[PDB]
Amino acid sequence: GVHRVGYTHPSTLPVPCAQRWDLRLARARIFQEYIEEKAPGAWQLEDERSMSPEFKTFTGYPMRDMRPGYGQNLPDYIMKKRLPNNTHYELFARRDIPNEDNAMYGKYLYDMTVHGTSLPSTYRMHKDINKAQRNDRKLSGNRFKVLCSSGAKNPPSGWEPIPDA
Amino acid sequence: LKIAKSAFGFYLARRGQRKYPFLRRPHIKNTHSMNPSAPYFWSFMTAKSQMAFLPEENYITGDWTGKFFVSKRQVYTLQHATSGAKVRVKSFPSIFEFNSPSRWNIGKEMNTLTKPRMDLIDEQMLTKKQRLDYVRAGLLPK
Amino acid sequence: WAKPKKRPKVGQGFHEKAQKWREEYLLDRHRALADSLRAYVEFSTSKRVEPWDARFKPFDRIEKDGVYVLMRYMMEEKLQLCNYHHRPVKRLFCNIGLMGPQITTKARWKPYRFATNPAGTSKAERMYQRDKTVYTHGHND
Amino acid sequence: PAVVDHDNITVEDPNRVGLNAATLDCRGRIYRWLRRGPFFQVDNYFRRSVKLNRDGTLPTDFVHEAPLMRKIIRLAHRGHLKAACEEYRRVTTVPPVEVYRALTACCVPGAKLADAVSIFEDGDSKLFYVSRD
Amino acid sequence: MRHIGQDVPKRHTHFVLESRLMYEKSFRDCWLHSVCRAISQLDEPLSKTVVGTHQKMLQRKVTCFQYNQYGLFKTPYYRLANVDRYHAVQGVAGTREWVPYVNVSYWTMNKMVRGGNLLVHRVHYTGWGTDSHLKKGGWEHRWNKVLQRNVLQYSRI
Amino acid sequence: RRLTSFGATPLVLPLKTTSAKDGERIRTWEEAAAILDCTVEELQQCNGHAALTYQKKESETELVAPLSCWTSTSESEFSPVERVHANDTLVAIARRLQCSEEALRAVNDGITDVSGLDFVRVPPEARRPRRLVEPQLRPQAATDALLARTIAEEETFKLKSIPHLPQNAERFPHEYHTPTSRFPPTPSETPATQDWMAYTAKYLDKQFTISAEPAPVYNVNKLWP
RNA sequence: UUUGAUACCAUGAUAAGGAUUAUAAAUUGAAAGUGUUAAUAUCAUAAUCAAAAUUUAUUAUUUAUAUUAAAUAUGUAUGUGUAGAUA
Ligand SMILES: [Mg+2]
Ligand SMILES: [Mg+2]
């Protein structure tokens, strides 16, 4: 039925008694509770699937609310929502990275403490060793590529590269 | 991919015609974004509420030198028509300009004013094979 | 997995063609929109065939008895105000209450596309004779 | 050494203090950032400002925070313990001894001991022992 | 740079690092973003104390503030790319080409499981598994039970 | 009877005869800030009008003190008056407020039967009074201290109202859905509809004697739970 | 004072694909290899953080009582369940 919800103030009753709505406002002050003013009275729908022992999927709690339009957009959804801080997302952010040991310590630090020195990555070492091997037979299939070119283009006052044949 | 239309042609596999979960396809290609509806005109591919504010992209947020094109989720405003200033949008091949201003555009996003897939086809971006396949489907004359 | 062939270059003067084509596709779309709004509203405003399926009850009954009596004397004005559009018609029948639970349960209504025909429709072919130049989603005459 | 200006932050970032993801030499920086301890941001912010002066004086007297400390003291003298504690929250810098005096003095007449104690312990051995008086 | 003295065999592995920073930016911006959203879109009065013209005004003030924040990370998580920390292979999450608890792509999961590197247990390829919960209602049910022990067993205060 | 900090009644500083600085009117900011024992910037936060017009407070009539300067009295804090229940006796009321009954009479003019009264005046002698307003509530001065700049701009730009909806909006029911709105929509009410007797009385048969079906004096919760 | 995994030649490795070890206390999925992985380098920064451009063998869509509300989400093909060929 379409009716006006109504409230009888206890001073007006022929016995004073504590009205359930009044109690509800108490409960809302204590655990601070948003009272949705536009909540339609007609829409009480339990989630049948999870709340009835008749379905194999029965958790005892209302897993989803059955409201078709409801979306991450709405201020109401935003107000009760778990922020991503310190969830698994953070755990992924930190522990899943390309070389897993760089999660535990600075490579240079480790290398310098354990070995006497910084060590190149395995890949780099491969390219290094290969250059040494193939520079020993053929020469001049090569190129000279640096980060900063000035050191080669104007070399120091000394520096007379040994002629090759 | 078979043909590389961008860099990603090299990195990505098609995996045949593969199914993705509902409304998550890796690449957002909105072919439907201009899809005429008189009765749904104000609800389709627009803001879910008319009390929402216009997006970020209708405003100059910081100190700018200038822009090349404005974003396509920008919404066409009476000033877009009236002011007589360049309004560009990035579409393909290059850019679409709103040159001929109309009030009928107002209040919709430029997504909706720019036809993504044109009925027009360049024969010169097509291989002879591809042109054949476009003649089979009854698109290109031959 | 074969190395992807390179895409040929774009075209010469195709940037102009694409600009022009989209430009006047939009200009055309303005009139297509104007016209389909005109159509949509003309449809909302004009009368429709009766929404209920007369082959079932309580509708089959002779037009001088039962539901038709209930309509001629109590509901007529309202049924005409809403132009026999099937949604408000069905709602009015719910609110008249003198039928009550039956509207959805015992009574049958015509399918969507048939119920949308203009009043006076004689042959079924009419569904297919409406204008296709206009974007109303079958809400046009 | 990197230093962040909170007044001058620009998109250009002239001092280049931000953590740029793709620049030359970035990688070890990114890795360092991902290894940082649970309070890193907070601790660094707090220790690079707020430190005992070379004279043995407390950092306690700052021009921009002074009226706030005054307000706290004032509030505590009129016996508003909650309002005072609520202003104590918004203090960026170490509060002067006078604040702690006022605040505990306010705790006395209502017998609040737990509160007097947490006040004291807050100002002491966290904030440089301003509270030990 | 410019492929001079590159340390890793795949250059794109670096993208994975970039991704991490994205999540970091989100942690830095989520609370802020969402508050500004909620206060902006609220049609009902904000409160007893803030109503009417003050509320309208404050709403616009806030969304103006939120638009001004350059670099604030608003991108929804399902639109971020998933890329392997090992071979930098990518996969769509929620698809059989991405494996969620190790967060590696199918390709790497396969490689790592077959040469023993991951410790898993093989179960018949066709069923639901050894697990009770999955055996009952499949993926959705197990999803639910996880919600139940993360949240619902608490009566919050 | 202990008082809560900053009672809900605002301290007002009138201009009046002021200090010996004038003996006529108070004028400068730092002056009133010395009087009320607060920062001048707080004093300015609270008063938007007197801060925008000028700093010499040219023509403006008063100042409002910052919330931290307000003093509560038992008078402003506790309700002077008490509601009377249907069943009430002077004995009952006295027990409720902890008064002695004679003291309750005294302020109420020796009244004996309370049946014709909505409110009985409460003696200052009362142990349990009611507080005028919920104490854990936040005073409005605080929330307005949060918004100070906005409240000054409201006056500068002369903003009476900012319309949330377009002019004709109620005419189109499915078009303007704010994102707080919920389905199914509620129909507007109708006068006699709640039960068959009321309806019959108003619409069908109009000499029907029973205008509504008997209404339990206690509250009936129609949506329940 | 250095030069390869790059847009580029630059070895390895896991897929799919039923054809005769049968009933009892018992599984209807196989090794012969399907982009991403370890010694051949000697043209080039091409990588997603949104809102984007159909030619690709390798894909089970909702078919006539009631039909667009939250991330933006598909305007098109009614034609005698009707060729050939296929699963
Ligand atoms: Mg192979
Ligand atoms: Mg990059």
# chains A, B, ... in the order shown; residues from 1 in each chain; ligands from 1
call {"tool": "interface_residues", "arguments": {"of": "chain B", "to": "chain C", "cutoff": "8 Å", "atoms": "only C-alpha atoms", "output": "VMD selection string"}}
result
chain B and resid 1 to 5 9 to 10 36 to 39 93 to 100 104 113 to 115 118 120 122 124 to 127
call {"tool": "write_last_selection", "arguments": {"atoms": "C-alpha atoms", "output": "short mmCIF file (atom, residue, chain, number, x, y, z; two decimals), in the first residue's frame"}}
result
data_model
loop_
_atom_site.label_atom_id
_atom_site.label_comp_id
_atom_site.auth_asym_id
_atom_site.auth_seq_id
_atom_site.Cartn_x
_atom_site.Cartn_y
_atom_site.Cartn_z
CA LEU B 1 49.33 -10.10 -35.87
CA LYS B 2 49.25 -10.53 -39.68
CA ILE B 3 49.61 -6.89 -40.66
CA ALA B 4 51.23 -4.37 -38.29
CA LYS B 5 49.12 -1.20 -38.30
CA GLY B 9 51.46 -5.59 -34.60
CA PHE B 10 54.82 -7.03 -33.56
CA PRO B 36 21.66 7.05 -34.07
CA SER B 37 18.73 6.99 -31.65
CA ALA B 38 16.00 9.59 -31.48
CA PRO B 39 14.32 8.32 -28.36
CA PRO B 93 43.69 8.63 -40.66
CA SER B 94 44.61 11.86 -38.91
CA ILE B 95 42.20 14.33 -37.31
CA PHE B 96 38.57 15.35 -37.62
CA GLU B 97 37.70 19.02 -37.39
CA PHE B 98 34.38 20.49 -36.46
CA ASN B 99 34.30 23.23 -39.06
CA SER B 100 30.59 23.59 -39.63
CA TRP B 104 22.35 19.99 -32.85
CA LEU B 113 29.77 13.11 -33.60
CA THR B 114 32.67 11.28 -35.26
CA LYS B 115 31.95 8.19 -37.31
CA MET B 118 33.65 5.32 -42.44
CA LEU B 120 34.63 5.45 -47.30
CA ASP B 122 41.05 3.98 -49.30
CA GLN B 124 45.65 2.69 -51.51
CA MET B 125 45.88 1.43 -47.93
CA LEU B 126 44.74 -1.96 -49.22
CA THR B 127 46.85 -4.83 -50.58
#
call {"tool": "residues_near_ligand", "arguments": {"ligand": "ligand 2", "cutoff": "7 Å", "atoms": "only C-alpha atoms (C1' of nucleotides) and all ligand atoms", "output": "PyMOL selection string"}}
result
(chain D and resi 22) or (chain E and resi 15) or (chain G and resi 47)
call {"tool": "write_last_selection", "arguments": {"atoms": "N, CA and C atoms (P, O5', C5', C4', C3', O3' and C1' of nucleotides)", "output": "PDB file, in the first residue's frame"}}
result
ATOM      1  N   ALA D  22      60.789   6.144 -16.764  1.00  0.00           N
ATOM      2  CA  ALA D  22      61.555   5.710 -17.926  1.00  0.00           C
ATOM      3  C   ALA D  22      62.923   6.362 -18.216  1.00  0.00           C
TER       4      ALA D  22
ATOM      5  N   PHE E  15      58.851  -2.634 -18.439  1.00  0.00           N
ATOM      6  CA  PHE E  15      57.465  -2.220 -18.342  1.00  0.00           C
ATOM      7  C   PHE E  15      56.818  -2.721 -17.071  1.00  0.00           C
TER       8      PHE E  15
ATOM      9  P     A G  47      58.252   1.874 -27.555  1.00  0.00           P
ATOM     10  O5'   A G  47      56.656   1.924 -27.525  1.00  0.00           O
ATOM     11  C5'   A G  47      55.876   0.899 -28.130  1.00  0.00           C
ATOM     12  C4'   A G  47      54.813   0.354 -27.213  1.00  0.00           C
ATOM     13  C3'   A G  47      54.960   0.689 -25.733  1.00  0.00           C
ATOM     14  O3'   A G  47      53.667   0.720 -25.160  1.00  0.00           O
ATOM     15  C1'   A G  47      54.988  -1.641 -26.007  1.00  0.00           C
TER      16        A G  47
END
call {"tool": "atom_distance", "arguments": {"atom1": "CA of residue 219 (chain F)", "atom2": "CA of residue 86 (chain F)"}}
result
15.8 Å
call {"tool": "closest_atom_pairs", "arguments": {"of": "chain D", "to": "chain G", "cutoff": "12 Å", "atoms": "only C-alpha atoms (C1' of nucleotides)", "output": "JSON lines"}}
result
{"residue": "D:21", "atom": "CA", "partner": "G:49", "partner_atom": "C1'", "distance": 11.5}
{"residue": "D:22", "atom": "CA", "partner": "G:45", "partner_atom": "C1'", "distance": 11.6}
{"residue": "D:23", "atom": "CA", "partner": "G:45", "partner_atom": "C1'", "distance": 11.9}
{"residue": "D:24", "atom": "CA", "partner": "G:45", "partner_atom": "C1'", "distance": 11.9}
call {"tool": "interface_residues", "arguments": {"of": "chain A", "to": "chain D", "cutoff": "12 Å", "atoms": "only C-alpha atoms", "output": "PyMOL selection string"}}
result
chain A and resi 86+90-109+147
call {"tool": "write_last_selection", "arguments": {"atoms": "N, CA and C atoms", "output": "PDB file, in the first residue's frame"}}
result
ATOM      1  N   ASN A  86      47.058  -1.413   1.319  1.00  0.00           N
ATOM      2  CA  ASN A  86      47.413  -2.587   2.104  1.00  0.00           C
ATOM      3  C   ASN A  86      46.608  -3.834   1.805  1.00  0.00           C
ATOM      4  N   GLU A  90      48.841  -4.026  -3.061  1.00  0.00           N
ATOM      5  CA  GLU A  90      50.111  -3.528  -2.550  1.00  0.00           C
ATOM      6  C   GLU A  90      51.192  -4.597  -2.511  1.00  0.00           C
ATOM      7  N   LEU A  91      50.826  -5.762  -1.990  1.00  0.00           N
ATOM      8  CA  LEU A  91      51.679  -6.937  -2.046  1.00  0.00           C
ATOM      9  C   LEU A  91      52.204  -7.260  -3.463  1.00  0.00           C
ATOM     10  N   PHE A  92      51.357  -7.152  -4.479  1.00  0.00           N
ATOM     11  CA  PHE A  92      51.821  -7.366  -5.845  1.00  0.00           C
ATOM     12  C   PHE A  92      52.764  -6.255  -6.230  1.00  0.00           C
ATOM     13  N   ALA A  93      52.366  -5.019  -5.950  1.00  0.00           N
ATOM     14  CA  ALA A  93      53.195  -3.866  -6.265  1.00  0.00           C
ATOM     15  C   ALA A  93      54.633  -4.071  -5.795  1.00  0.00           C
ATOM     16  N   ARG A  94      54.810  -4.534  -4.568  1.00  0.00           N
ATOM     17  CA  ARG A  94      56.168  -4.735  -4.073  1.00  0.00           C
ATOM     18  C   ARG A  94      56.870  -6.066  -4.394  1.00  0.00           C
ATOM     19  N   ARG A  95      56.200  -7.211  -4.290  1.00  0.00           N
ATOM     20  CA  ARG A  95      56.965  -8.459  -4.396  1.00  0.00           C
ATOM     21  C   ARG A  95      57.085  -8.987  -5.821  1.00  0.00           C
ATOM     22  N   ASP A  96      56.267  -8.512  -6.755  1.00  0.00           N
ATOM     23  CA  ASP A  96      56.359  -9.072  -8.114  1.00  0.00           C
ATOM     24  C   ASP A  96      57.016  -8.117  -9.070  1.00  0.00           C
ATOM     25  N   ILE A  97      58.295  -8.359  -9.300  1.00  0.00           N
ATOM     26  CA  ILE A  97      59.156  -7.445 -10.025  1.00  0.00           C
ATOM     27  C   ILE A  97      60.142  -8.299 -10.795  1.00  0.00           C
ATOM     28  N   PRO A  98      60.768  -7.735 -11.822  1.00  0.00           N
ATOM     29  CA  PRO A  98      61.591  -8.549 -12.709  1.00  0.00           C
ATOM     30  C   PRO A  98      62.724  -9.381 -12.091  1.00  0.00           C
ATOM     31  N   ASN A  99      63.612  -8.853 -11.260  1.00  0.00           N
ATOM     32  CA  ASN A  99      64.581  -9.791 -10.675  1.00  0.00           C
ATOM     33  C   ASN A  99      64.369  -9.882  -9.191  1.00  0.00           C
ATOM     34  N   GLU A 100      63.824 -11.007  -8.752  1.00  0.00           N
ATOM     35  CA  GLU A 100      63.194 -11.096  -7.442  1.00  0.00           C
ATOM     36  C   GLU A 100      64.101 -10.718  -6.298  1.00  0.00           C
ATOM     37  N   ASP A 101      65.400 -10.841  -6.517  1.00  0.00           N
ATOM     38  CA  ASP A 101      66.365 -10.543  -5.480  1.00  0.00           C
ATOM     39  C   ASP A 101      66.476  -9.046  -5.242  1.00  0.00           C
ATOM     40  N   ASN A 102      66.167  -8.252  -6.262  1.00  0.00           N
ATOM     41  CA  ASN A 102      66.128  -6.805  -6.100  1.00  0.00           C
ATOM     42  C   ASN A 102      65.015  -6.351  -5.161  1.00  0.00           C
ATOM     43  N   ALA A 103      64.138  -7.276  -4.802  1.00  0.00           N
ATOM     44  CA  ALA A 103      63.156  -7.025  -3.769  1.00  0.00           C
ATOM     45  C   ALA A 103      63.799  -7.114  -2.397  1.00  0.00           C
ATOM     46  N   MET A 104      64.742  -8.038  -2.208  1.00  0.00           N
ATOM     47  CA  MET A 104      65.389  -8.173  -0.904  1.00  0.00           C
ATOM     48  C   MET A 104      66.567  -7.265  -0.627  1.00  0.00           C
ATOM     49  N   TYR A 105      67.398  -6.964  -1.612  1.00  0.00           N
ATOM     50  CA  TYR A 105      68.502  -6.042  -1.351  1.00  0.00           C
ATOM     51  C   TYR A 105      69.035  -5.397  -2.593  1.00  0.00           C
ATOM     52  N   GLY A 106      69.701  -4.266  -2.413  1.00  0.00           N
ATOM     53  CA  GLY A 106      70.409  -3.620  -3.498  1.00  0.00           C
ATOM     54  C   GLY A 106      71.446  -4.585  -4.035  1.00  0.00           C
ATOM     55  N   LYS A 107      71.436  -4.821  -5.345  1.00  0.00           N
ATOM     56  CA  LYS A 107      72.373  -5.754  -5.949  1.00  0.00           C
ATOM     57  C   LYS A 107      73.790  -5.332  -5.677  1.00  0.00           C
ATOM     58  N   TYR A 108      74.111  -4.075  -5.946  1.00  0.00           N
ATOM     59  CA  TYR A 108      75.451  -3.556  -5.714  1.00  0.00           C
ATOM     60  C   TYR A 108      75.908  -3.775  -4.293  1.00  0.00           C
ATOM     61  N   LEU A 109      75.052  -3.464  -3.336  1.00  0.00           N
ATOM     62  CA  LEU A 109      75.345  -3.718  -1.926  1.00  0.00           C
ATOM     63  C   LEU A 109      75.743  -5.166  -1.662  1.00  0.00           C
ATOM     64  N   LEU A 147      77.741   5.869 -24.840  1.00  0.00           N
ATOM     65  CA  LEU A 147      76.733   6.747 -24.277  1.00  0.00           C
ATOM     66  C   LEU A 147      77.080   8.202 -24.600  1.00  0.00           C
TER      67      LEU A 147
END
call {"tool": "residues_near_ligand", "arguments": {"ligand": "ligand 1", "cutoff": "10 Å", "atoms": "only C-alpha atoms (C1' of nucleotides) and all ligand atoms", "output": "ChimeraX atom specification"}}
result
/G:12-14,33-35
call {"tool": "write_last_selection", "arguments": {"atoms": "N, CA and C atoms (P, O5', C5', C4', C3', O3' and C1' of nucleotides)", "output": "PDB file, in the first residue's frame"}}
result
ATOM      1  P     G G  12      65.396 -22.989 -32.238  1.00  0.00           P
ATOM      2  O5'   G G  12      65.027 -24.296 -31.410  1.00  0.00           O
ATOM      3  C5'   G G  12      65.418 -24.412 -30.049  1.00  0.00           C
ATOM      4  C4'   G G  12      66.032 -25.751 -29.765  1.00  0.00           C
ATOM      5  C3'   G G  12      65.609 -26.377 -28.444  1.00  0.00           C
ATOM      6  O3'   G G  12      65.721 -27.795 -28.566  1.00  0.00           O
ATOM      7  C1'   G G  12      67.912 -26.025 -28.406  1.00  0.00           C
ATOM      8  P     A G  13      64.417 -28.708 -28.785  1.00  0.00           P
ATOM      9  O5'   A G  13      64.000 -29.113 -27.300  1.00  0.00           O
ATOM     10  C5'   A G  13      62.650 -29.403 -26.974  1.00  0.00           C
ATOM     11  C4'   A G  13      62.232 -28.724 -25.701  1.00  0.00           C
ATOM     12  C3'   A G  13      60.870 -28.048 -25.737  1.00  0.00           C
ATOM     13  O3'   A G  13      59.803 -28.940 -25.482  1.00  0.00           O
ATOM     14  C1'   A G  13      62.451 -26.531 -24.911  1.00  0.00           C
ATOM     15  P     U G  14      59.025 -29.640 -26.699  1.00  0.00           P
ATOM     16  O5'   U G  14      57.529 -29.722 -26.168  1.00  0.00           O
ATOM     17  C5'   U G  14      57.205 -30.662 -25.155  1.00  0.00           C
ATOM     18  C4'   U G  14      56.233 -30.114 -24.143  1.00  0.00           C
ATOM     19  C3'   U G  14      55.098 -29.255 -24.685  1.00  0.00           C
ATOM     20  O3'   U G  14      53.957 -29.563 -23.889  1.00  0.00           O
ATOM     21  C1'   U G  14      56.241 -28.071 -22.999  1.00  0.00           C
ATOM     22  P     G G  33      56.304 -33.905 -35.322  1.00  0.00           P
ATOM     23  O5'   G G  33      55.946 -32.745 -34.292  1.00  0.00           O
ATOM     24  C5'   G G  33      56.797 -31.613 -34.137  1.00  0.00           C
ATOM     25  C4'   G G  33      56.096 -30.506 -33.395  1.00  0.00           C
ATOM     26  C3'   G G  33      56.965 -29.304 -33.044  1.00  0.00           C
ATOM     27  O3'   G G  33      56.149 -28.127 -33.018  1.00  0.00           O
ATOM     28  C1'   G G  33      56.175 -30.312 -31.057  1.00  0.00           C
ATOM     29  P     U G  34      55.702 -27.361 -34.372  1.00  0.00           P
ATOM     30  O5'   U G  34      54.202 -26.893 -34.057  1.00  0.00           O
ATOM     31  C5'   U G  34      53.642 -25.705 -34.613  1.00  0.00           C
ATOM     32  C4'   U G  34      52.661 -25.045 -33.666  1.00  0.00           C
ATOM     33  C3'   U G  34      53.164 -23.829 -32.908  1.00  0.00           C
ATOM     34  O3'   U G  34      53.181 -22.644 -33.673  1.00  0.00           O
ATOM     35  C1'   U G  34      52.062 -25.246 -31.406  1.00  0.00           C
ATOM     36  P     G G  35      54.475 -21.692 -33.623  1.00  0.00           P
ATOM     37  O5'   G G  35      54.756 -21.446 -32.065  1.00  0.00           O
ATOM     38  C5'   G G  35      54.155 -20.372 -31.345  1.00  0.00           C
ATOM     39  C4'   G G  35      55.027 -19.143 -31.349  1.00  0.00           C
ATOM     40  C3'   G G  35      55.775 -18.805 -30.070  1.00  0.00           C
ATOM     41  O3'   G G  35      56.971 -19.559 -29.944  1.00  0.00           O
ATOM     42  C1'   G G  35      54.811 -16.849 -31.011  1.00  0.00           C
TER      43        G G  35
END
call {"tool": "residues_around", "arguments": {"residues": "residue 73 (chain G)", "least_positions_apart": "4", "cutoff": "9 Å", "atoms": "only C-alpha atoms (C1' of nucleotides)", "output": "PyMOL selection string"}}
result
chain B and resi 23+30+32-33+45
call {"tool": "closest_atom_pairs", "arguments": {"of": "chain E", "to": "chain A", "cutoff": "6 Å", "atoms": "only C-alpha atoms", "output": "tab-separated table"}}
result
residue	atom	partner	partner_atom	distance
E:7	CA	A:124	CA	5.2
E:20	CA	A:93	CA	4.8
E:27	CA	A:85	CA	5.5
E:38	CA	A:75	CA	4.3
E:85	CA	A:98	CA	4.5
call {"tool": "select_by_dssp", "arguments": {"residues": "region 5-125 of chain C", "states": "alpha helix (DSSP H)", "output": "VMD selection string"}}
result
chain C and resid 14 to 45 67 to 70 76 to 81 86 to 96 102 to 105 112 to 115
call {"tool": "interface_residues", "arguments": {"of": "chain D", "to": "chain B", "cutoff": "12 Å", "atoms": "only C-alpha atoms", "output": "VMD selection string"}}
result
chain D and resid 10 to 12
call {"tool": "closest_residue", "arguments": {"among": "C:76, C:95, C:82, C:112", "to": "residue 187 (chain F)", "atoms": "only C-alpha atoms"}}
result
C:95
call {"tool": "closest_residue", "arguments": {"among": "F:103, F:74, F:211, F:12", "to": "residue 47 (chain F)", "atoms": "only C-alpha atoms"}}
result
F:12
call {"tool": "closest_atom_pairs", "arguments": {"of": "chain B", "to": "chain G", "cutoff": "9 Å", "atoms": "only C-alpha atoms (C1' of nucleotides)", "output": "JSON lines"}}
result
{"residue": "B:2", "atom": "CA", "partner": "G:56", "partner_atom": "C1'", "distance": 8.2}
{"residue": "B:5", "atom": "CA", "partner": "G:53", "partner_atom": "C1'", "distance": 8.5}
{"residue": "B:6", "atom": "CA", "partner": "G:46", "partner_atom": "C1'", "distance": 8.8}
{"residue": "B:7", "atom": "CA", "partner": "G:46", "partner_atom": "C1'", "distance": 5.8}
{"residue": "B:8", "atom": "CA", "partner": "G:47", "partner_atom": "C1'", "distance": 6.6}
{"residue": "B:10", "atom": "CA", "partner": "G:7", "partner_atom": "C1'", "distance": 8.6}
{"residue": "B:11", "atom": "CA", "partner": "G:47", "partner_atom": "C1'", "distance": 7.3}
{"residue": "B:12", "atom": "CA", "partner": "G:35", "partner_atom": "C1'", "distance": 8.9}
{"residue": "B:13", "atom": "CA", "partner": "G:35", "partner_atom": "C1'", "distance": 7.4}
{"residue": "B:16", "atom": "CA", "partner": "G:58", "partner_atom": "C1'", "distance": 7.0}
{"residue": "B:17", "atom": "CA", "partner": "G:59", "partner_atom": "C1'", "distance": 6.2}
{"residue": "B:18", "atom": "CA", "partner": "G:59", "partner_atom": "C1'", "distance": 8.1}
{"residue": "B:23", "atom": "CA", "partner": "G:73", "partner_atom": "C1'", "distance": 7.3}
{"residue": "B:27", "atom": "CA", "partner": "G:52", "partner_atom": "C1'", "distance": 7.8}
{"residue": "B:28", "atom": "CA", "partner": "G:51", "partner_atom": "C1'", "distance": 6.6}
{"residue": "B:29", "atom": "CA", "partner": "G:52", "partner_atom": "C1'", "distance": 5.7}
{"residue": "B:30", "atom": "CA", "partner": "G:52", "partner_atom": "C1'", "distance": 7.8}
{"residue": "B:31", "atom": "CA", "partner": "G:74", "partner_atom": "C1'", "distance": 7.3}
{"residue": "B:32", "atom": "CA", "partner": "G:74", "partner_atom": "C1'", "distance": 4.9}
{"residue": "B:33", "atom": "CA", "partner": "G:72", "partner_atom": "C1'", "distance": 8.0}
{"residue": "B:35", "atom": "CA", "partner": "G:75", "partner_atom": "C1'", "distance": 6.9}
{"residue": "B:36", "atom": "CA", "partner": "G:75", "partner_atom": "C1'", "distance": 7.3}
{"residue": "B:37", "atom": "CA", "partner": "G:75", "partner_atom": "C1'", "distance": 8.6}
{"residue": "B:40", "atom": "CA", "partner": "G:68", "partner_atom": "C1'", "distance": 7.4}
{"residue": "B:43", "atom": "CA", "partner": "G:68", "partner_atom": "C1'", "distance": 7.8}
{"residue": "B:44", "atom": "CA", "partner": "G:68", "partner_atom": "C1'", "distance": 7.6}
{"residue": "B:45", "atom": "CA", "partner": "G:72", "partner_atom": "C1'", "distance": 4.9}
{"residue": "B:46", "atom": "CA", "partner": "G:72", "partner_atom": "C1'", "distance": 7.0}
{"residue": "B:47", "atom": "CA", "partner": "G:72", "partner_atom": "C1'", "distance": 8.5}
{"residue": "B:48", "atom": "CA", "partner": "G:70", "partner_atom": "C1'", "distance": 5.6}
{"residue": "B:49", "atom": "CA", "partner": "G:70", "partner_atom": "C1'", "distance": 7.8}
{"residue": "B:72", "atom": "CA", "partner": "G:51", "partner_atom": "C1'", "distance": 7.8}
{"residue": "B:73", "atom": "CA", "partner": "G:51", "partner_atom": "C1'", "distance": 7.2}
{"residue": "B:90", "atom": "CA", "partner": "G:52", "partner_atom": "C1'", "distance": 8.8}
{"residue": "B:91", "atom": "CA", "partner": "G:52", "partner_atom": "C1'", "distance": 8.0}
{"residue": "B:92", "atom": "CA", "partner": "G:53", "partner_atom": "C1'", "distance": 5.9}
{"residue": "B:93", "atom": "CA", "partner": "G:53", "partner_atom": "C1'", "distance": 7.5}
{"residue": "B:111", "atom": "CA", "partner": "G:51", "partner_atom": "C1'", "distance": 9.0}
{"residue": "B:116", "atom": "CA", "partner": "G:53", "partner_atom": "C1'", "distance": 7.6}
{"residue": "B:117", "atom": "CA", "partner": "G:53", "partner_atom": "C1'", "distance": 7.3}
{"residue": "B:129", "atom": "CA", "partner": "G:55", "partner_atom": "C1'", "distance": 8.7}
{"residue": "B:130", "atom": "CA", "partner": "G:55", "partner_atom": "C1'", "distance": 6.0}
{"residue": "B:131", "atom": "CA", "partner": "G:55", "partner_atom": "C1'", "distance": 8.7}
{"residue": "B:133", "atom": "CA", "partner": "G:55", "partner_atom": "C1'", "distance": 5.9}
{"residue": "B:134", "atom": "CA", "partner": "G:55", "partner_atom": "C1'", "distance": 7.1}
call {"tool": "residues_around", "arguments": {"residues": "residue 90 (chain C)", "least_positions_apart": "4", "cutoff": "10 Å", "atoms": "only C-alpha atoms (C1' of nucleotides)", "output": "VMD selection string"}}
result
(chain C and resid 51 to 52 79 84 to 86 94 to 95 103 to 104 109) or (chain G and resid 66)
call {"tool": "atom_distance", "arguments": {"atom1": "CA of residue 82 (chain D)", "atom2": "CA of residue 105 (chain D)"}}
result
13.6 Å
call {"tool": "closest_residue", "arguments": {"among": "F:134, F:144, F:42, F:24", "to": "chain D", "atoms": "only C-alpha atoms"}}
result
F:42
call {"tool": "interface_residues", "arguments": {"of": "chain E", "to": "chain F", "cutoff": "8 Å", "atoms": "only C-alpha atoms", "output": "list in words"}}
result
residues 41, 42, 43, 44, 49, 50, 52, 53, 54, 56, 57 and 58 of chain E
